[PDB]
Amino acid sequence: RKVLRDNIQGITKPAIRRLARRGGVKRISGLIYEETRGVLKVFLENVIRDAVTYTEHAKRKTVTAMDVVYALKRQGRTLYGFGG
Amino acid sequence: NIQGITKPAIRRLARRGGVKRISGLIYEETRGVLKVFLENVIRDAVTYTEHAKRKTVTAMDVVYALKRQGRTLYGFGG
Amino acid sequence: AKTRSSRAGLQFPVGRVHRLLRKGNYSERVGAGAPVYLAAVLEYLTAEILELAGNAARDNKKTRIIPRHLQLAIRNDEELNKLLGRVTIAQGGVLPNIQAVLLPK
Amino acid sequence: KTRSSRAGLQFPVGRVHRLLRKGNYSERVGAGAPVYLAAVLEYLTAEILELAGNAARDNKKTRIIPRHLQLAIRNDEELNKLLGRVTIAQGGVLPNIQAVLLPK
Amino acid sequence: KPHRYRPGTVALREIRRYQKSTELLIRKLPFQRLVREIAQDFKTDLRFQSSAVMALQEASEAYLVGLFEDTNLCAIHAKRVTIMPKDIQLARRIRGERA
Amino acid sequence: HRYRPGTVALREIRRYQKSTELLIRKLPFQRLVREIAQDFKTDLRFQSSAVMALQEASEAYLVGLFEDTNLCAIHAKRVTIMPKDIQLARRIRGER
Amino acid sequence: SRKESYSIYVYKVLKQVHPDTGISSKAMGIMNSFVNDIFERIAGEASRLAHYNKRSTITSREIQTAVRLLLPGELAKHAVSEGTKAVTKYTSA
Amino acid sequence: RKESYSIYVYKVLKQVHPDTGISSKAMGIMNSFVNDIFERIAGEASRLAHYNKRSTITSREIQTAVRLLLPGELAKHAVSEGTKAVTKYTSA
DNA sequence: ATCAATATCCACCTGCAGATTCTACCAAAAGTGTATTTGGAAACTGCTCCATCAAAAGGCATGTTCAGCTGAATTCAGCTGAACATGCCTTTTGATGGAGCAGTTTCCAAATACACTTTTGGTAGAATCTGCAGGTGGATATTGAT
DNA sequence: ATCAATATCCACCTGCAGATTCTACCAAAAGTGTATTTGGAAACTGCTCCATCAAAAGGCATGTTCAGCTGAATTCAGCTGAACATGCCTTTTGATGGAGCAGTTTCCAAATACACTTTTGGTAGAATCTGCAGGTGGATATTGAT
């Protein structure tokens, strides 16, 4: 298709500011944005890694919402709303 | 009884926790925390006791309680 | 031909629940009272959260319960908040809450 | 002629099988499952005994005690992660004092 | 005047606004690329149900928001109002995510 | 001869982080245990190992908690732990 | 290709408590996840409980103690009452 | 009655450290360890098969359970040991 | 204490994407007639579990002193918020090809069910041993003081 | 940094006692040999759903200015919490018994699992309905400058 690179920077400064707002944050240090990206990436690798493991185990090529839901349950981040 | 858990013994725990200096209000705060901790675990343990229709709380009852509270303990039957 | 639910005075499905118990590998045998007791508790809890969610919907002047209403009902209720403390509701947002120290001095 | 020796393991394949059948995990249990699971349990056991043994040796001891099992677990990044929500009775904690708390 | 709200006023206005709503705060397409990159530079030839991507976004945004609340408490605790990398690190360490 | 404040404190940390013996006196602890248990079910008996599991669990819990409290105090540029430190740690931990 | 759900039952209870109120499919999705979740926690705990007591069958008694272990205070008290009441009413033929 | 993993843990202890012994308390620790890991692997394998509507737990479920449960390097070796025992078991 | 400048409400409106019902099958409860267990219910043990006693001994409760840590009060350099001009790239709508879930059948290699035959592991005594807990004696680490 | 004087640590040995390790044996699993059952893999194939594209449109991300006011430094002293010598009592701990009670037995009546055979309660879409998302405008604050 087309090489996927540096997409973490797709998580913009304003999108991170918004999330901090919902989280009740008033003031944000300039270095928070790169820390947040680093933290999101780790969060996403761990969940995606488990979701894909459930996918491969079912011998499928398509990651399903259920694959993600089970991965989230394992990680202790149970999610309601996609149990179909 | 909780006052039985003494200042010095609470100091020792703190020390193994790497704490160098302790505020005077810490002792009472610690007891309140220990009590909530014990109420939660014991309540659950005793629920396993009543369920097995026993009059004696067993180490296994405690071990299962601790497991439920996300405090798995090794060395007492699991 | 009475449904076990009606025999039990319940809305939730006793048969379905009993079947789910036997096919979930929970035990080798399942007593007849198990699905009845479990269907009732499940029914009571969904009645508890819908009662509160319906009220949140009313307070927001809507007649249709949406996820946010479910969140407001759960996070504002101490026991439900405890019970679902490690759960996340898609499209629920969070409770309006601003630390005092942050308000205009 | 036991299944263990056949699988070349010290851990009891037969018991693991019985424990799996009677643990209400599934309607049926494949023949390899107990073997596989037994191999995994033996390996982790060897892993920990290996490190705890060294912990004893470095302590001038020949007998592995709880303290040693704790020093082995906590000083190993992976074993520590795996047993992150576990407490080893009589294991104590790793010596560690925050820099800021040091003298001068 | 030209009119100008004092620094902090708009931030407080934004907190009230976002704590009021429930829409996703990160742009859709960009986030989907991030998932595809991480997934791919992990296992090739993967496909995704659209809802699977949304499950991840909903989950990762509730996580960051919750993390920021904890981060904020760590800053207020240091007698600050500005969150720093130091606060996120303290929160993650106490949450047992890194220790 | 008198050691300066902090010196004996550091010495104790070294001693206690080195040992594994329970730090709370047994009898007092067993007493606290039975009392709380009494509120849930009267006239209960306790295996001695049941009591020991509880003390082991309690002390490792309190020690772990003091570790996070200490980190919270250091975070506020302090060296002295206070109730606000314990409070913050428990809040972040999700115990509150 | 047919998938079961609790929607029918969640919807009945809703009319009982709030006759005038409706529920969006997404909200219903949340409710379905919730029922399924508490079901597994109760069943899970009942499963263990029976195992620890070398018992091969899960009875309303296991479900009861699981309920007391899982739910906090009041919620437990009320769930137990409904549960017991439904069982006694069920056995009363 | 009252079976435990003591005998097996000990045999393994002699394989890696012939010269070393182990106290009762430490043996209790190891027993808890084995029981715990056993419950986590079986529990996960239990879920995996149910998610995939299968009624039998094969070494395949045990393997994925291990990948999901053990961190990186522990997973690799555990997996290696596992497939190794099933191979040596099948053959002769 | 006034006001401009703006942001925030709240009610009134109306077609439509998103519920509610209305209809049809049919996978899965419900009703029956047997073939197993399950797990209480009494009766009895061998245990572990409280209860005292009873000394002695640390280990804790106190009152003194004062070292040095926590906060309060001041400064201020410069980070980070608020605004604005620009115009990029995420959003929306729709249309398609066809990858690859999912549903059906077809049916063996593999798992379950006994009926027995052997064997290993959990017990309850027996034959050593690893370390604890003291004992010096000798450098160390602290802390006061030229 | 040294000088000197306390207390702290730290080796090296060393003697026993509490556990370990080592033995000698019997039931309850584990391993076999057969005889059936069957789950779910291989072989199609119906057809959702996902990956892609095209294209226009404006919501928002980017960057840059500017300067308010927050975080980081300093200083300083009041007073909290450490180190200690004291004096004493609650914790240890070690039998010694008596006994409340987990664990077993032995039934077996009540409760389950089974194998079918009917009977619907539910689920999958069409056919109907409708809150309310999105717009618009003054009423109402809220702010921040004089």
Side-chain angles (χ1 to χ4, degrees), chain A residues 1 12-15 27-30 60-62 64, chain B residues 4 6-9 21-24 52 54-56 58, chain C residues 1-4 13-16 18-19 28-32 62-64 104, chain D residues 1-3 12-15 17-18 27-31 60-63, chain E residues 1-11 13 27-30 47-50 79-82 84, chain F residues 1-9 11 25-28 45-48 77-80, chain G residues 1-5 7-8 22-25 55-57 59, chain H residues 1-4 6-7 21-24 53-56:
Chain A
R1 172 178 52 170
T12 63
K13 181 181 168 172
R27 215 164 174 274
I28 303 167
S29 151
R60 273 182 285 98
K61 288 202 178 185
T62 314
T64 58
Chain B
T6 64
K7 168 176 182 176
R21 208 160 182 277
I22 301 176
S23 158
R54 291 188 267 94
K55 295 284 189 181
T56 315
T58 63
Chain C
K2 283 280 193 304
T3 60
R4 291 200 266 167
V14 173
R16 182 112 98 204
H18 190 39
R19 182 199 96 223
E28 226 55 56
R29 327 188 85 204
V30 175
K62 320 303 232 313
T63 66
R64 193 186 288 144
Chain D
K1 55 166 65 72
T2 66
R3 270 190 287 179
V13 175
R15 172 176 291 189
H17 200 305
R18 182 249 304 172
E27 182 185 339
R28 317 164 99 215
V29 185
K60 288 190 184 68
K61 264 63 177 304
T62 61
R63 179 182 295 149
Chain E
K1 309 171 85 75
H3 194 284
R4 208 177 163 86
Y5 289 109
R6 298 171 81 200
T9 295
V10 191
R13 200 214 299 321
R27 292 168 308 159
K28 257 53 172 303
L29 177 58
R47 294 185 132 200
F48 283 81
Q49 292 180 329
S50 66
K79 304 195 288 188
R80 277 183 284 97
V81 173
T82 303
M84 300 174 179
Chain F
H1 183 286
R2 203 186 171 78
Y3 287 111
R4 297 170 69 140
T7 288
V8 184
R11 206 153 73 219
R25 285 132 56 191
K26 218 167 301 300
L27 181 63
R45 290 178 106 77
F46 271 92
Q47 287 189 346
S48 97
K77 315 294 196 53
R78 283 184 283 96
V79 168
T80 302
Chain G
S1 299
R2 58 157 264 164
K3 36 226 55 180
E4 290 177 354
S5 172
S7 300
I8 260 54
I23 188 167
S24 84
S25 66
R55 293 199 49 179
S56 64
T57 158
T59 68
Chain H
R1 62 294 176 183
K2 218 311 136 302
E3 50 182 37
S4 115
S6 289
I7 297 179
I22 184 166
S23 78
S24 265
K53 306 174 188 183
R54 261 59 188 188
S55 51
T56 135

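First the proteins, then the strands, lettered A, B, ... as listed; each starts at 1.
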- Item | Partner nucleotide of J/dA83 by Watson-Crick or wobble geometry (both distances under 3.5 Å) | I/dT64
- Message: Please determine whether a side-chain nitrogen or oxygen atom of D/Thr62 lies at a distance below 4.0 Å from atom OP1 or OP2 of I/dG131.
- Response: yes
- Task: Taking only the side-chain nitrogens and oxygens of E/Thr82, find out if one of them lies under 4.0 Å from OP1 or OP2 of J/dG71.
- Result: yes
- Query: Does D/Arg15 use its side chain to pair, donor to acceptor, with the backbone of H/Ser4 at less than 3.5 Å?
  - Reply: yes
- Query: Does G/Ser1 put a side-chain nitrogen or oxygen below 4.0 Å from OP1 or OP2 of I/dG103?
  - Reply: yes
- Query: Nearest to the side chain of F/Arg11 - I/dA82, J/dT123, J/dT8?
  - Reply: J/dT8
- Query: Is the phosphate of J/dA30, meaning OP1 or OP2, less than 4.0 Å from a side-chain N or O of D/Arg18?
  - Reply: yes
- Message: Any base atoms under 4.0 Å from D/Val29, or only sugar-phosphate, or nothing? Heavy atoms, all strands.
- Response: sugar-phosphate
- Query: Does a nitrogen or oxygen in the side chain of C/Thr3 sit under 4.0 Å from OP1 or OP2 of J/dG121?
  - Reply: no
- For B/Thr56, does its backbone N or O pair with a side-chain atom of B/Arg54 as donor and acceptor, under 3.5 Å? yes
- Task: Look through every strand shown and name the nucleotide pairing with I/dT130 as Watson-Crick or G-U wobble, where both distances are under 3.5 Å.
- Result: J/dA17
- Message: Under 4.0 Å from OP1 or OP2 of J/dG144: is there any side-chain N or O of E/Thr9 that close?
- Response: yes
- Query: NA contact type, C/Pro104, heavy-atom cut-off 4.0 Å: base, sugar-phosphate, or nothing?
  - Reply: nothing
- Message: Applying a 4.0 Å non-hydrogen cut-off, can you work out what E/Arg80 is touching in the nucleic acid: base, sugar-phosphate, or nothing?
- Response: sugar-phosphate
- So which nucleotide does J/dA109 pair with, by the Watson-Crick or G-U wobble rule with both distances under 3.5 Å? I/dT38
- Query: What's the shortest heavy-atom distance between C/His18 and C/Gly31, and which atoms?
  - Reply: CE1-O, 4.1 Å
- Across all strands shown, which nucleotide pairs with I/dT2 by Watson-Crick or G-U wobble geometry, both distances under 3.5 Å? J/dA145
- Query: If you take atom types as modelled and just measure distance, does the side chain of F/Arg2 reach the base of J/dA83 with a donor-acceptor pair under 3.5 Å?
  - Reply: yes
- Do any side-chain nitrogens or oxygens of B/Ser23 fall under 4.0 Å of OP1 or OP2 in J/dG81? yes
- For J/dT117, give its Watson-Crick or G-U wobble partner with both distances under 3.5 Å, or none. I/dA30
- Message: Does a side-chain N or O of A/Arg60 approach OP1 or OP2 of I/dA99 to a distance below 4.0 Å, or not?
- Response: no
- Query: Can you tell me if the side-chain N/O atoms of A/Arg1 get under 4.0 Å from OP1 or OP2 in J/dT52?
  - Reply: yes
- Message: Expressed as a whole number of angstroms, how long is the span from F/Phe46:CZ to I/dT48:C1'?
- Response: 15 Å
- Message: For I/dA82, does the base pair up with any side-chain atom of E/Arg4 as donor and acceptor (N or O, under 3.5 Å, distance only)?
- Response: yes
- So does D/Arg3 get a side-chain nitrogen or oxygen closer than 4.0 Å to the phosphate oxygens (OP1/OP2) of J/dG31? yes
- Remember a base hit wins even if backbone is also touched, and classify E/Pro2 as base, sugar-phosphate or nothing at under 4.0 Å, heavy atoms. nothing
- Task: Remember a base hit wins even if backbone is also touched, and classify B/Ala52 as base, sugar-phosphate or nothing at under 4.0 Å, heavy atoms.
- Result: nothing
- H/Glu3 versus D/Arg18: any side-chain heavy-atom pair under 4.5 Å? yes
- Task: Starting from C1' on J/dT91, measure out to CZ on F/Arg25 and report it in whole angstrom.
- Result: 7 Å
- Taking any strand in view, what nucleotide pairs with J/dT74 in a Watson-Crick or G-U wobble way, both distances under 3.5 Å? I/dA73
- Query: If you count the non-hydrogen atoms of other residues, nucleotides and ligands that lie under 6.0 Å from CD in G/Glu4, is the total more than 12?
  - Reply: yes
- Task: Look at atom CZ of E/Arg6 and say whether more than 12 heavy atoms of other residues, nucleotides or ligands are closer to it than 6.0 Å.
- Result: no
- Pairing nucleotide - I/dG138, Watson-Crick or G-U, each distance under 3.5 Å: J/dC9
- Message: Heavy atoms only, 4.0 Å cut-off, all strands: where does B/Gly4 land among base, sugar-phosphate and nothing?
- Response: nothing
- Task: Using a heavy-atom cut-off of under 4.0 Å over every strand shown, decide if B/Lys7 touches base, sugar-phosphate, or nothing.
- Result: nothing
- Message: Given I/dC60, I/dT70, I/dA111, identify the nucleotide with an atom nearest to the side chain of B/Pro8.
- Response: I/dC60
- Under 3.5 Å, side chain of F/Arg78 to main-chain N/O of F/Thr80, donor-acceptor pair present? yes
- Task: May I ask you to verify if any side-chain N or O of G/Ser56 is less than 4.0 angstrom from the OP1 or OP2 atom of I/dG39?
- Result: yes
- Item | Who pairs with I/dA99 - Watson-Crick or G-U, where each distance is under 3.5 Å | J/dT48
- NA contact type, B/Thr58, heavy-atom cut-off 4.0 Å: base, sugar-phosphate, or nothing? nothing
- Query: Does E/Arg6 put a side-chain nitrogen or oxygen below 4.0 Å from OP1 or OP2 of J/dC69?
  - Reply: yes
